[PDB]
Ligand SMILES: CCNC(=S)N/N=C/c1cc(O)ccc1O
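This document starts with one chain, in the form deposited without this ligand, laid out as structure tokens.
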């Protein structure tokens, strides 16, 4: 009986020394097993594997607890989906563009590039250690883990077409946004006034208008009565807001917004670009960079810096 020593892990924080029988597969000994993302379940140990870290599914109570504390999910399929995706995302290129980690276009990843660029520019704190750790590695240029985690947390596979808004909405579920608050007032000529308070994700996201200033002045929405009513923002407590709408021609003015998602196409096939306001307006399109003083284009999401707003409407 010849053997080597390897580490197994669910989180790559807590390594568990194992003695492996070189006659048997990794699958026979540990169950499903991954080496740097590669499925080695059906492979036999090699002498070069001495002292290397393998990922395994949480198949015991110690590991289930470690996995839950790192990823904040009990979904048994999660590690398999993370590893499947990582196997592809570790072959992507992560260009530095304008001081930010982007992604070179591959596998319809334009929505992930736009999400990743947005996350580097808004004040957001992840709860799962897995996302905290992977985000700091992405800020440093190696975003492969962060991208694979986003794909796993969103239940998306590499190659699938994606929506920036739908993606930020899953990521915001795993962010600490508990002390974010929004107060709206709706005015109908028929039904009268209605004041609502929103907490967490619903307090930082709005679908129907790109303009934060228009949301403060009032926007037309269908009432339940069938008339148009006016919704306006009474109070906002959050480090940012995301205003979204089906894509339309829109003017972005330097200094009036943090960043935005341009989308060219239809629901079914399209391409995202990212626009950011610095000393001028930069358009980051994967690896490709352009700049201009002004932008007019099909915008679907705009991000605004915020702290505390109270309306002056009485």
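Numbering follows the first chain given and starts at 1.
Just so you know, the form solved in complex with this ligand exists too; it's not on screen, but the next bit is about it.
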- Go through 220, 157, 96, 74 and name the one with a heavy atom inside 4.5 Å of this ligand in the bound PDB entry. 74
- Note on the structure: From 78, 92, 126, 240: within 4.5 Å of this ligand in the bound PDB entry by heavy atoms is 78
- With the partner left out of view, is residue 259 within 4.5 angstroms of this ligand in the bound PDB entry by any non-hydrogen atom? no
- Could you tell me if residue 58 has a non-hydrogen atom within 4.5 Å of this ligand in the bound PDB entry? yes
- Item | in the bound PDB entry, residue 44 touching this ligand (heavy atom, 4.5 Å) | no
- Close approach of residue 64 to this ligand in the bound PDB entry, 4.5 Å, heavy atom: yes
